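> Let's see this in three dimensions:
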Amino acid sequence: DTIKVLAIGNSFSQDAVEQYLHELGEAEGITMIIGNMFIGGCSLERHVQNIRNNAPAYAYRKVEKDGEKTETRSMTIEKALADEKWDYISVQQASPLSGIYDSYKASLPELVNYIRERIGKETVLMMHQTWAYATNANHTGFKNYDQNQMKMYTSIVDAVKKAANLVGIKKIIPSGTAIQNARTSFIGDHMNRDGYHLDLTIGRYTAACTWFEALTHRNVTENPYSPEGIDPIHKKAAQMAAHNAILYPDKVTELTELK
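Residues are numbered from 1 along each chain as shown. Please see the structure below:
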(Lines give C-alpha, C1' and ligand atoms only; values in the text may rest on other atoms or scores of the structure.)
Protein backbone atom coordinates (compact mmCIF):
# COMPACT_ATOMS: atom_id res chain seq x y z
CA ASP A 1 0.00 0.00 0.00
CA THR A 2 0.87 3.74 -0.03
CA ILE A 3 0.88 6.07 2.96
CA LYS A 4 0.84 9.82 2.43
CA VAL A 5 1.88 11.70 5.58
CA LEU A 6 2.43 15.44 6.20
CA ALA A 7 4.08 16.99 9.23
CA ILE A 8 3.54 20.64 10.02
CA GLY A 9 6.53 21.61 12.08
CA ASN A 10 10.16 22.54 12.23
CA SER A 11 13.56 20.93 12.85
CA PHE A 12 12.00 18.40 15.25
CA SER A 13 9.53 17.06 12.70
CA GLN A 14 12.55 17.05 10.32
CA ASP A 15 14.40 14.82 12.84
CA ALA A 16 11.57 12.27 12.63
CA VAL A 17 10.40 12.05 9.03
CA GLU A 18 12.98 13.43 6.51
CA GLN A 19 15.20 10.34 6.70
CA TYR A 20 14.85 6.61 7.68
CA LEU A 21 11.04 6.56 7.68
CA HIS A 22 10.83 5.96 3.92
CA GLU A 23 13.40 3.15 4.14
CA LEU A 24 11.55 1.52 7.02
CA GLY A 25 8.42 1.47 4.90
CA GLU A 26 10.20 0.30 1.79
CA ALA A 27 11.65 -2.71 3.64
CA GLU A 28 8.06 -3.89 4.38
CA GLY A 29 6.81 -3.12 0.83
CA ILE A 30 5.07 0.07 1.94
CA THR A 31 5.46 3.12 -0.23
CA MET A 32 5.48 6.40 1.61
CA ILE A 33 5.15 9.94 0.43
CA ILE A 34 6.31 12.19 3.21
CA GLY A 35 5.98 15.92 3.49
CA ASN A 36 7.46 18.24 6.12
CA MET A 37 6.52 21.89 6.36
CA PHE A 38 9.48 23.55 8.09
CA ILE A 39 10.09 26.89 9.78
CA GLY A 40 13.01 27.11 12.21
CA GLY A 41 11.84 26.98 15.83
CA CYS A 42 8.22 27.28 14.74
CA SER A 43 5.60 27.35 17.50
CA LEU A 44 1.85 26.83 17.32
CA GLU A 45 1.39 30.59 17.72
CA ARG A 46 3.53 31.19 14.63
CA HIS A 47 1.74 28.54 12.58
CA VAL A 48 -1.52 30.31 13.49
CA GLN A 49 -0.10 33.67 12.36
CA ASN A 50 0.80 32.02 9.07
CA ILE A 51 -2.68 30.50 8.48
CA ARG A 52 -4.28 33.88 9.33
CA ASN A 53 -2.35 35.64 6.54
CA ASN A 54 -1.77 32.65 4.19
CA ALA A 55 1.95 33.37 4.53
CA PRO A 56 4.28 31.65 2.05
CA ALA A 57 6.62 31.19 4.97
CA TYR A 58 7.58 27.48 4.84
CA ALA A 59 10.23 25.29 3.29
CA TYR A 60 8.50 22.16 2.06
CA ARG A 61 10.65 19.06 2.21
CA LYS A 62 9.22 16.00 0.45
CA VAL A 63 10.31 12.38 0.24
CA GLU A 64 8.76 11.12 -2.95
CA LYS A 65 7.48 7.59 -3.71
CA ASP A 66 10.87 6.56 -5.16
CA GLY A 67 12.81 8.00 -2.17
CA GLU A 68 13.99 11.25 -3.84
CA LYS A 69 14.19 14.22 -1.44
CA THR A 70 13.18 17.63 -2.71
CA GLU A 71 12.62 21.07 -1.20
CA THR A 72 10.20 23.70 -2.44
CA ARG A 73 10.54 27.18 -0.94
CA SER A 74 7.92 29.80 -0.08
CA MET A 75 5.09 27.36 0.57
CA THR A 76 1.83 27.98 2.39
CA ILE A 77 -0.04 25.59 4.67
CA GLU A 78 -3.04 25.79 2.29
CA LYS A 79 -0.85 24.64 -0.60
CA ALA A 80 0.72 21.86 1.47
CA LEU A 81 -2.72 20.58 2.49
CA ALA A 82 -3.70 20.33 -1.18
CA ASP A 83 -0.39 18.81 -2.36
CA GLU A 84 -1.47 15.17 -1.71
CA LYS A 85 -4.65 13.48 -0.48
CA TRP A 86 -2.99 12.99 2.93
CA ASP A 87 -3.69 9.86 4.94
CA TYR A 88 -2.15 11.44 8.03
CA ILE A 89 -1.21 14.98 9.12
CA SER A 90 0.62 15.95 12.30
CA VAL A 91 0.89 19.14 14.31
CA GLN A 92 3.26 19.91 17.19
CA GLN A 93 4.53 22.59 19.53
CA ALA A 94 8.05 24.07 19.65
CA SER A 95 10.18 22.26 22.20
CA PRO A 96 10.57 25.06 24.77
CA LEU A 97 6.77 25.19 25.09
CA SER A 98 6.14 21.49 24.47
CA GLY A 99 5.38 20.76 28.15
CA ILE A 100 3.35 23.98 28.75
CA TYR A 101 -0.32 23.15 28.22
CA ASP A 102 -1.46 26.77 28.12
CA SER A 103 0.60 27.37 24.96
CA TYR A 104 -1.44 24.66 23.23
CA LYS A 105 -4.72 26.01 24.70
CA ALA A 106 -4.00 29.42 23.19
CA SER A 107 -3.25 28.39 19.57
CA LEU A 108 -3.96 24.72 18.79
CA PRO A 109 -7.76 25.03 18.30
CA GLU A 110 -7.38 27.73 15.56
CA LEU A 111 -4.73 25.75 13.75
CA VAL A 112 -6.68 22.51 13.90
CA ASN A 113 -9.92 24.21 12.80
CA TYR A 114 -8.07 25.59 9.73
CA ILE A 115 -6.76 22.13 8.81
CA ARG A 116 -10.05 20.36 9.36
CA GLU A 117 -11.73 22.77 6.88
CA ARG A 118 -9.25 21.55 4.24
CA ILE A 119 -9.31 17.73 4.63
CA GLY A 120 -11.79 14.83 4.14
CA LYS A 121 -13.08 12.46 6.80
CA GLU A 122 -10.64 9.75 5.81
CA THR A 123 -7.58 11.96 6.75
CA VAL A 124 -6.24 11.35 10.27
CA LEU A 125 -5.06 14.37 12.17
CA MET A 126 -2.40 13.60 14.82
CA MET A 127 -0.16 15.16 17.47
CA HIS A 128 3.55 14.60 17.37
CA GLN A 129 4.70 14.16 20.98
CA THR A 130 8.30 15.41 20.99
CA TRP A 131 11.16 14.70 23.42
CA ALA A 132 12.80 16.22 26.50
CA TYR A 133 16.27 17.69 26.17
CA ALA A 134 19.49 15.97 27.25
CA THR A 135 20.21 16.25 31.00
CA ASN A 136 22.95 18.77 30.65
CA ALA A 137 21.39 20.73 27.77
CA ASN A 138 22.15 24.44 27.78
CA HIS A 139 19.11 25.38 25.65
CA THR A 140 17.39 28.38 27.31
CA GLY A 141 13.96 26.73 27.08
CA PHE A 142 15.08 24.06 29.52
CA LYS A 143 14.61 26.52 32.38
CA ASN A 144 10.88 26.15 31.90
CA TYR A 145 11.34 22.62 33.33
CA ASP A 146 13.99 23.43 35.98
CA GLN A 147 16.59 21.90 33.66
CA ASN A 148 15.36 18.44 34.67
CA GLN A 149 14.90 15.91 31.87
CA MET A 150 12.26 13.78 33.59
CA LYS A 151 10.24 16.82 34.64
CA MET A 152 10.32 18.01 31.06
CA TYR A 153 9.40 14.61 29.68
CA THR A 154 6.46 14.12 32.07
CA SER A 155 5.22 17.67 31.32
CA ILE A 156 5.26 16.99 27.60
CA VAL A 157 3.34 13.74 27.91
CA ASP A 158 0.66 15.49 30.01
CA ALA A 159 0.41 18.60 27.82
CA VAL A 160 0.09 16.68 24.60
CA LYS A 161 -2.61 14.36 25.98
CA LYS A 162 -4.65 17.32 27.21
CA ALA A 163 -4.10 19.27 24.02
CA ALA A 164 -5.25 16.33 21.91
CA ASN A 165 -8.44 16.13 23.96
CA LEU A 166 -8.93 19.90 23.66
CA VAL A 167 -9.10 19.70 19.89
CA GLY A 168 -10.56 16.25 19.37
CA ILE A 169 -7.40 14.56 18.12
CA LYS A 170 -7.22 10.92 19.02
CA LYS A 171 -3.87 9.76 17.55
CA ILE A 172 -0.49 10.73 19.08
CA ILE A 173 2.94 9.67 17.73
CA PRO A 174 4.90 9.09 20.93
CA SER A 175 8.42 10.10 19.88
CA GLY A 176 9.20 11.64 23.25
CA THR A 177 8.51 8.38 25.03
CA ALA A 178 10.56 6.46 22.44
CA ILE A 179 13.55 8.77 23.08
CA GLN A 180 13.07 8.50 26.82
CA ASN A 181 12.89 4.69 26.57
CA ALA A 182 16.12 4.63 24.55
CA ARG A 183 17.82 6.75 27.23
CA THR A 184 17.10 3.89 29.80
CA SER A 185 18.93 1.37 27.76
CA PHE A 186 22.73 1.04 27.58
CA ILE A 187 22.51 3.95 25.08
CA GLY A 188 22.07 6.34 28.02
CA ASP A 189 21.77 10.07 27.57
CA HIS A 190 23.28 9.98 24.07
CA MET A 191 20.26 10.59 21.89
CA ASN A 192 20.95 14.24 20.96
CA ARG A 193 23.42 16.06 18.69
CA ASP A 194 23.31 19.44 20.41
CA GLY A 195 21.38 18.77 23.61
CA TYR A 196 17.97 19.08 21.93
CA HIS A 197 17.94 17.96 18.30
CA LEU A 198 18.36 14.23 17.86
CA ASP A 199 21.55 12.33 17.19
CA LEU A 200 21.82 12.08 13.41
CA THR A 201 21.88 8.29 13.28
CA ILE A 202 20.48 6.44 16.31
CA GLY A 203 18.40 9.39 17.53
CA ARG A 204 16.64 10.18 14.27
CA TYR A 205 16.27 6.46 13.56
CA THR A 206 14.46 5.89 16.88
CA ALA A 207 12.00 8.67 16.05
CA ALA A 208 11.50 7.28 12.51
CA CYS A 209 10.86 3.82 13.91
CA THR A 210 8.11 5.33 16.12
CA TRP A 211 6.49 7.01 13.12
CA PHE A 212 6.78 3.79 11.10
CA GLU A 213 4.95 1.70 13.70
CA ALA A 214 2.41 4.45 14.41
CA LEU A 215 1.42 4.70 10.69
CA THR A 216 1.77 1.11 9.50
CA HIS A 217 0.81 -0.79 12.70
CA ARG A 218 3.65 -3.19 12.00
CA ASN A 219 5.97 -4.23 14.80
CA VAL A 220 9.19 -2.34 14.10
CA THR A 221 11.30 -4.89 16.00
CA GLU A 222 10.55 -7.19 13.04
CA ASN A 223 11.51 -4.63 10.39
CA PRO A 224 14.36 -5.89 8.17
CA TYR A 225 15.95 -2.55 7.25
CA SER A 226 19.49 -2.08 8.64
CA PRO A 227 20.54 1.55 8.63
CA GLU A 228 24.15 2.19 7.70
CA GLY A 229 26.26 3.49 10.61
CA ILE A 230 24.15 2.01 13.44
CA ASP A 231 25.51 -1.22 14.83
CA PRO A 232 23.10 -4.10 15.23
CA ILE A 233 22.78 -3.90 19.06
CA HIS A 234 22.02 -0.15 18.88
CA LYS A 235 19.51 -0.78 16.06
CA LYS A 236 17.69 -3.35 18.15
CA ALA A 237 17.60 -0.97 21.15
CA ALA A 238 16.13 1.78 18.94
CA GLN A 239 13.50 -0.54 17.55
CA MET A 240 12.54 -1.79 21.05
CA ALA A 241 12.36 1.78 22.41
CA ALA A 242 9.98 2.78 19.58
CA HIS A 243 7.84 -0.36 19.84
CA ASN A 244 7.44 0.09 23.63
CA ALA A 245 6.51 3.75 23.13
CA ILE A 246 3.71 2.64 20.76
CA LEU A 247 2.47 0.07 23.30
CA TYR A 248 2.88 2.38 26.30
CA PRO A 249 2.97 5.96 25.06
CA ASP A 250 2.51 7.77 28.40
CA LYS A 251 5.42 6.48 30.49
CA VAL A 252 8.96 5.17 30.35
CA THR A 253 9.31 1.41 29.72
CA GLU A 254 12.67 0.31 31.16
CA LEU A 255 14.60 -1.61 28.46
CA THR A 256 15.97 -3.97 31.08
CA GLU A 257 17.10 -6.62 28.51
CA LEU A 258 19.46 -3.95 27.06
CA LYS A 259 21.17 -2.29 30.08
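> Go ahead and confirm residue 190 touches residue 201.
No: using Cβ atoms under 8 Å, residue 190 is not in contact with residue 201, being 10.8 Å away. (C-beta placed from N, C-alpha, C; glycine too.)
> ok, these two, which is more surrounded?
residue 201 (19 against 14; other Cβ atoms under 10 Å).
> Who are the contact partners of the more buried one?
Taking Cβ atoms under 8 Å, 6 or more residues apart in numbering as the criterion, residue 201 is in contact with 227, 229-230.
> Wasn't residue 172 part of a strand?
Yes: using DSSP: H, G, I helix; E, B strand; the rest coil, the assignment for residue 172 is a strand.
> Let me see the ranges of the helices in this structure.
Listed in chain order, the helices of the chain (DSSP state H) span 11-17, 21-26, 44-52, 77-83, 101-116, 149-167, 175-184, 202-216, 232-247.
> could I get those helices as TSV with mean neighbour count?
Converted to TSV, these look like this (neighbours: other Cβ atoms under 10 Å):
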stretch	mean neighbour count
helix 11-17	25
helix 21-26	23
helix 44-52	19
helix 77-83	18
helix 101-116	18
helix 149-167	19
helix 175-184	28
helix 202-216	27
helix 232-247	22
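> Apart from its chain neighbours, what residue comes closest to residue 192?
Residue nearest to residue 192 in three dimensions, not counting chain neighbours: residue 134, with 4.5 Å by Cβ to Cβ, 6 or more residues apart in numbering.
> wait, isn't the one you found in contact with residue 193?
No: if you go by Cβ under 8 Å, residue 134 and residue 193 don't touch, sitting 9.6 Å apart.
> And the contacts of residue 201, which is closest to residue 182?
residue 230 (11.9 Å; Cβ to Cβ).
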